[PDB]
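First, one chain by itself in structure tokens, the form deposited in one PDB entry.
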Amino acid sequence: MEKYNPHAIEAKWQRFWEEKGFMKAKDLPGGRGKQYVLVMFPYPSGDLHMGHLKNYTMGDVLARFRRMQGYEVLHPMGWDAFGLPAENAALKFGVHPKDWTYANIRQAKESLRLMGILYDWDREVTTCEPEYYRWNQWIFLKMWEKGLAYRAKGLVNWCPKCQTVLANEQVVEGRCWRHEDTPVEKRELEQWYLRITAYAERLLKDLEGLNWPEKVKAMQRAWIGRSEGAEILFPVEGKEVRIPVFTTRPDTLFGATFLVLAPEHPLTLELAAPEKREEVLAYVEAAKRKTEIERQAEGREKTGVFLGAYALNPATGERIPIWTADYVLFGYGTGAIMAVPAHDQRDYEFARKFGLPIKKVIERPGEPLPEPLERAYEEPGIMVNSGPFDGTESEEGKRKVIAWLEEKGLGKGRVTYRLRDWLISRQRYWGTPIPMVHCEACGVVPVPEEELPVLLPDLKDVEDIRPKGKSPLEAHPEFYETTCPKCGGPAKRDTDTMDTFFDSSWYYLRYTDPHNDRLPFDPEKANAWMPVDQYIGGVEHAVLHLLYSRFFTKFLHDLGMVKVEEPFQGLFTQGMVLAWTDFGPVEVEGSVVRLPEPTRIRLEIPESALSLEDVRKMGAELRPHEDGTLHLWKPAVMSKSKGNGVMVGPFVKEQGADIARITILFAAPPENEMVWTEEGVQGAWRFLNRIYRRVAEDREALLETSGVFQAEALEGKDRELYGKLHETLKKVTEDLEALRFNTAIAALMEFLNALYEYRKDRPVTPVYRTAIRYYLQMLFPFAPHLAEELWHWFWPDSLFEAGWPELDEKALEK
């Protein structure tokens, strides 16, 4: 008897499914129900591996399942082809970005097609094409008109490797999101920002309902960081003015022993005593000579000048000195702060140096703070020496003080967020050009909507587009030299481009109307497919793409183009696929493993010595090598950098697509990480071989049998099989809906065993034929090629036309 052979049959069914267009999505979902199944589109910066395929196979499983149930399914694929990812990869190998991108796209398509993944390719989008980015420019103009896009000068994050500024979200642990080994630096530049802080409250509040993993919600809440602050008024002794001071710690008001004004604050010179005017003016002048960076410095000695003026602390009614000092920036709050040395380390050091009072008003839980205080206590505690507030917990105390201040007209509550506006401009060539013009007379002028797109100059010299500090477009007068759309005189086009995350913040909407050349998309089409019912992608995008996208959707909603305010109704973050990786030789002596420098560095750990227990605990193992030594192996995230990627092409050629699909889907719960292993591959083979063998063994008998029968007339093992069949259907259906793919496969393995057990006692019967029929249908989402192959041995149409088996509730009773 022949055995399962993946060769040839997979290519046959892949072409069949494509020709039939089973996964083509309707422009507008017929009244039967729709399912928008989306996977995060890839950066075409390299070859796809089984890691990417876990994410994309998960999407295909759900898409096939929903399509079989009768839903109109939108399951699209596209290319996040602009920005740093694509250009950094192309430039590393001295290749032109446009050539590199399309060659990579061609390869990615093959990898997806070879795995039996089906998308509605008619909705494909490539962000680096004018047909797409012209709409990025369109949206940019709308934000400009609505006060959400602006130009400002200030300190920004910069990566010397990318040779461009980076947004706050693109800085991970002080390192570049692309160059994890390169520390980000600071610079002073005038850039473009998107006022995402204008939606901070809605971004925070709208998280509550969301069917997203709590871990992602928590990361976004922490990133936004809503804070309870206050503006407090301090009356100046003998003067009319009451100095407004902003603080994030109103709970420490009773401990404010002095005020500090930024050198540039108008009141610094105005309030200076006559005898102090000379020293104050000199200090203010010296401060201005410094650069933003210089004053934004860290370890510089504390300096300052007493203005010779006093203010009254509104809470204690006590007199406190007013000083001006370099460590206070005018841009922070109101440019004036209340110093609380006991609870602010910066204030502590200044107080200690200039002999200013230090008063404790927040007590530390457990062991009380010592006297004298050797350093500030900045954590929450219990209010003390704070009049009627004594005994109140710090956090709640903030609210109480604010309520008191407002009631007495001494100040007002002021909410702030840690979230900062989004820096979108980049000094790179491969990106969307900013649709703005700089006129010497008019200032910054927007490009007319009708003139879009503002095409990227076709630079062919690779050495030319390479980033050296300024935007490559700054060396092309043929591009920027233009006329002002307002006055008509000579002007200069903006030379910076939009970061890649701009493109990806709305691509899922373009999929609903990929060919519209008048609007980014037609509201009617988008509102029919939105919101995304199930989005699948990595958690690494928690405060990047997953945050920016919500902002874009809320903005487009406010424009009246999108009905929903949340783009992804359901989000599932898949665990990473890992691969056993050799980190190098080690030496063992007793319970201690010595790690030579090369090995330690590859492992990226500080230990030069690990115990055998440490090695086990981190999931590593020591394997004898032919070089006569022992090497330390450990599962590492599958990626190019690690050089441990398992590519689709070579694997499916030697093994097969369904084998790879089962290996991935059965390894572990999809939300968890998994390790790609030979044992897993062998397991996939065993399962597929066992399915084929069961059907082949009964092929002849099945052909001469009808699948019609009366359930209530079944007896013995026949009735038992009928019950197990429906128990299995229910389990597999519910598991698929919750993306519990590995357990759905376990249920099919279990039911397959039941089929073998059944046949030991019973012959091929009508109920058995129906069980086989239902089995191939339930198998289709997981191993489609084999399911389609066996299905055709007995039935005419495709599994996509068979629908999803109907559950028999009564069969579940008892």
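We call the rigid core the largest set of C-alpha positions that still match within 1.5 Å between the two forms. The first residue of the sequence shown is number 1, and the count goes up from there.
Asker: In the PDB record, does 499-507 or 157-165 carry the higher mean Cα temperature factor?
Answerer: The deposited B-factors put 157-165 ahead on the C-alpha mean.
Asker: Using the B-factors recorded in the PDB entry, average over the C-alpha atoms of 308-316 and of 472-480, then report which stretch comes out higher.
Answerer: Between 472-480 and 308-316, it is 472-480 that shows the higher mean C-alpha B-factor.
Asker: Just the C-alpha B-factor column, please: which of 557, 600, 730, 466 has the biggest number?
Answerer: By C-alpha B-factor in the record, 466 ranks first.
Asker: Choose from 678, 671, 173, 421 the residue with the greatest Cα B-factor as stated in the PDB record.
Answerer: Top of the list by C-alpha B-factor: 173.
Asker: Please place residue 81 in the lowest, middle or highest third of its chain by C-alpha B factor as given in the entry.
Answerer: It belongs to the middle third of the chain when residues are ordered by C-alpha B-factor.
Asker: Among all modelled residues of this chain, ranked by Cα B factor, put residue 44 in the bottom, middle or top third, i.e. lowest, middle or highest.
Answerer: Highest third, going by the recorded CA B-factors of the chain.
Asker: Pull the Cα B-factor of residue 92 out of the PDB entry and bin it into the chain's lowest, middle or highest third.
Answerer: As the PDB entry reports it, the C-alpha B-factor of residue 92 lands in the highest third of its chain.
Asker: Quick one: classify residue 298 as lowest, middle or highest third of the chain based on its Cα B-factor.
Answerer: Within its chain, residue 298 is a highest-third residue by C-alpha B-factor, going by the deposited values.
Asker: Can you tell me which third, lowest, middle or highest, the CA B-factor of residue 100 falls into for its chain?
Answerer: It falls in the top third of the chain.
Keep in mind that the form deposited in another entry is not shown, yet the notes after this line are about it.
Asker: Compare C-alpha positions between the shown form and the other one after fitting on the rigid core and state which of 525, 550, 740, 276 moves by at least 2 angstroms.
Answerer: Just 276.
Asker: When the rigid core is used for the superposition, does residue 585 move between the shown form and the other one (threshold: C-alpha shift of 2 Å or more)?
Answerer: After core superposition, the displacement of the residue 585 C-alpha between the shown form and the other one stays below 2 Å, so no.
Asker: Is there a C-alpha shift of 2 Å or more at residue 85 between the shown form and the other one once the rigid core is superposed?
Answerer: It does, since the residue 85 C-alpha is displaced 2 Å or more between the shown form and the other one after the core fit.
Asker: Aligning on the core only, does the CA of residue 95 end up 2 angstroms or more away between the shown form and the other one?
Answerer: Yes, shifts by 2 Å or more.
Asker: Quick one: residue 620 and residue 541 C-alpha atoms, closer or farther in the other form compared with this form (3 angstroms or more)?
Answerer: Relative to the shown form, the pair is closer.
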